[PDB]
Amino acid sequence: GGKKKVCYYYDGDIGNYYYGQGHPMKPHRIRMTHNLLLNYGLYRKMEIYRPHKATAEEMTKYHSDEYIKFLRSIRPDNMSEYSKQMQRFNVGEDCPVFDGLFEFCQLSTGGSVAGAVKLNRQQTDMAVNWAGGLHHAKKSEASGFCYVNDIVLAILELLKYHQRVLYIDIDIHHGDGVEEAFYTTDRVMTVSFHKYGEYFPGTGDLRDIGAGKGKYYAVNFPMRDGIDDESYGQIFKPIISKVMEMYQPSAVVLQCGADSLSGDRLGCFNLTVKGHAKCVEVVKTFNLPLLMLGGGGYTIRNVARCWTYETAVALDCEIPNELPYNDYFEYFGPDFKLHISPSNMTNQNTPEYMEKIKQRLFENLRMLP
C-alpha cells in the first residue's frame, strides 16, 4: 500500500496547437488542466518533466515508415501535392492538416514513452501524461482526431521489462487502435468500457475477445447512453479485480478519456468527476507500475476538473471543492467548483444489463490459464 511517487509530463507549447475553426479537439484543455493543478499546489507533491519530442525511429516501432514520412512532410501550404496520400492515411477532414501537426504528435507521444521508460527503470510508481491517450490511431492511418498511437508505443516500451501489461480504457469510445495492435498476443490484455451501438468507431462488441495466442486477452464492456456513477461502480471494480486475479500483470496503462463525463459536447454518458476518478482509485490500489494517460474530452472546463482531481487521487492528496484562482477561472463558472453534478438524462443501462454483461465477461476470464 502507501503513498506513491508520481512523475508528471507536460510541455507548455501543447496549448498553442490548433485543429482549426469549429474543430472540437482543443489542445488548450491540457494547459487548463496544468494551470488548475498548479494553482491547487499539486506541483509540491510530484516531479514535473518536460517530454522530449519523440523521433521517427520511436514512432516506427509501431507505425509504418510511409505513414510517419507523410506526417513529417504534410503541411497546410503543400496539401494539394499530397491529395492521394491524405485520403490513404485518413488525414484532411476529421483529422485535419494544421500548423505543427508533426511536432504535436512528437509532444503527446514523448510524454507517454518517457513515462514508460521511467516506470521500466523503477524510478517512479506512477507516470502521468494528460496530453496522451490517442487510442484510435492505427499502424498506417489517422482516426478520430488521433494521428500517432502513443499508448501502443508506451506499451511496447513496457514490454521490454514486463511479460504481461494490462491496458484499461475508460474513454467513452472503444480503444480500437490499442486493441488491434495487441489483438493476437497474450502479452497485452486490453480492457475497454465504452458506448456501443451506432457509435464511433463501430468496434468493441462483447463477442470480440481476441484471436490466436490473444484469444481471451481482449475484453469489451459495451454500454448504452446515460451511464451514471452507480452503474459504472457496479461493474468496474469487479471486472478489474477479476482481470488482476486471472491475468496477473506486472504493469498497467490506464487511459482516462474524459468524454465519458456528464455534459460532454460529443459524449452521451453521465459520469461525474468522482465517478470517473473512482476508476483511478480502483487501479491504484493494486500497487503496480501505472501509466496514466488522457484521451477524449470536449467540454474543456470538465476535462480540466477531471484530470486535476485524478492527479490529486494519484498523489493521495485531498483538494478543496472551492476552485483556486487560475488563468482560466472564468471557464469554471457559474459555480467555480471542482466537482460536477450529473444531468437528468435517462440511464439506458439497466442494473440487470450491467450484471448480465459482467457475468458474460466473467465466463471469458475463466478461460485464462
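All residue numbers refer to positions in the sequence shown, first residue = 1.
*Asks:* Out of 312 to 320 and 27 to 35, which one has CA B-factors that are higher on average in the deposited record?
*Replies:* Mean C-alpha B-factor is greater for 312 to 320.
*Asks:* Should the higher mean CA B-factor in the entry be assigned to 119 to 127 or to 167 to 175?
*Replies:* Comparing averages over the C-alpha atoms only gives 119 to 127.
*Asks:* Using the temperature factors in the entry, find which of 155, 137, 254, 86 has the highest value at its Cα atom.
*Replies:* The record points to 86.
*Asks:* For the CA B factor values reported in this entry, which option in 108, 80, 299, 143 has the top one?
*Replies:* By C-alpha B-factor in the record, 80 ranks first.
*Asks:* Quick check on the deposited entry: does the C-alpha B-factor of residue 133 sit in the lowest, middle or highest third of its chain?
*Replies:* Its C-alpha B-factor, which the entry lists for residue 133, ranks in the lowest third among residues of this chain.
*Asks:* Taking the entry's C-alpha B-factors for this chain, is residue 76 in the lowest, middle or highest third?
*Replies:* Highest third.
*Asks:* Going by the recorded CA B-factors, say which third of the chain residue 246 sits in, lowest, middle or highest.
*Replies:* According to the entry, residue 246 has a C-alpha B-factor in the chain's highest third.
*Asks:* Please place residue 99 in the lowest, middle or highest third of its chain according to the CA B-factor in the PDB entry.
*Replies:* As the PDB entry reports it, the C-alpha B-factor of residue 99 lands in the highest third of its chain.
*Asks:* Test of reading the entry: by CA B factor among the chain's modelled residues, which third contains residue 190?
*Replies:* Lowest third of the chain for residue 190's C-alpha B-factor.
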